[PDB]
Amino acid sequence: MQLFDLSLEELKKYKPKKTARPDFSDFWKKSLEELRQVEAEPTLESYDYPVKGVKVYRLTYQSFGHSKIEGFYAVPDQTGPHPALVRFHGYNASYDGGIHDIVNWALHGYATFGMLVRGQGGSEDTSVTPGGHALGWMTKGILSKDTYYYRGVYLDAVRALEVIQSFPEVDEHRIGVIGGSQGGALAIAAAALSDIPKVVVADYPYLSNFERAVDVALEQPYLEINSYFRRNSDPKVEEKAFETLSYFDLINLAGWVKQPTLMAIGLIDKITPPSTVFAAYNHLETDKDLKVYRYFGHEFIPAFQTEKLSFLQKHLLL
């Protein structure tokens, strides 16, 4: 689906000015505090699955707004402690909790939890819908950072790490966060808001450089924002919307990541445009690496899977 974004030479140098508001840090500090006021009260229930050498469970826990978050948790059937992984799924891309992939990760030796994103693949979302918005989750409660959809999601991700880390069979010093697109963004955001994860792997991360994204993306779901503005023409609404988005934009959160990070990008990706991903990457100040794949788009990239397994193995499995 041929090249369309900036040239590779330009992408390497693309580093848009941060859009973080003066109260950026304070907002997350207060948000994390509201999260801490909710007792995790996790629950585990065995779940049958046709596989040998792995025990699967359905895990739930309380998070921001007293929402019950869920997901499958697969553990190598042998004496631990085990290195662990918190896997985040893509936007509206979760089928049956992605249980088959979770189990396979456990077979690779990792205690794995696939957190289901509020209202998408699973999990409850107690946050109210303040008013009208475009079809989808991208603009729900977008007129305020306190009501925005991803506020709860980001906090759920952090809480997921706190719950996994507390498990006896888990080695709290060998926990990684992974995911693609929406999942990549959650991995990066979690690593930025918590020092629990040791490493981060993000395939073409979403939710990055919003202001350029709405002008370059050619496919959903970034365009849900454009749809929102078409339905609410008030100029002040557009201004306020981008103000809200800035608190969740990866270009403003990347700076907080201290963990070794591995990213991937396909140069013909029309969903998460190369420029938006390079933007996030170029704002990272840590041991990092970005794998660029000329002939791939927003999809599973075989060559990167090898890089990913090698990276996780090096930093966690040992």
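Residues carry their position along the shown sequence, with the first being 1.
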- Item | 131-139 or 164-172, whichever carries the higher mean Cα B-factor | 164-172
- Query: Is the mean CA B factor in the deposited entry higher across 74-82 or across 190-198?
  - Reply: 74-82
- Note on the structure: Scanning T244, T126, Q220, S227 for peak Cα temperature factor in the entry gives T126
- When the modelled residues of the chain are sorted by Cα temperature factor, does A20 land in the lowest, middle or highest third? middle
- Hey, what third does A40 fall into on Cα B-factor, ranked over its chain? highest
- Within-chain third of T286 by Cα B-factor, per the entry: highest
- Rank-wise, by C-alpha B-factor, drop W28 into the lowest, middle or highest third of its chain. highest
- Third of the chain, ranked by Cα B-factor, where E299 sits: lowest
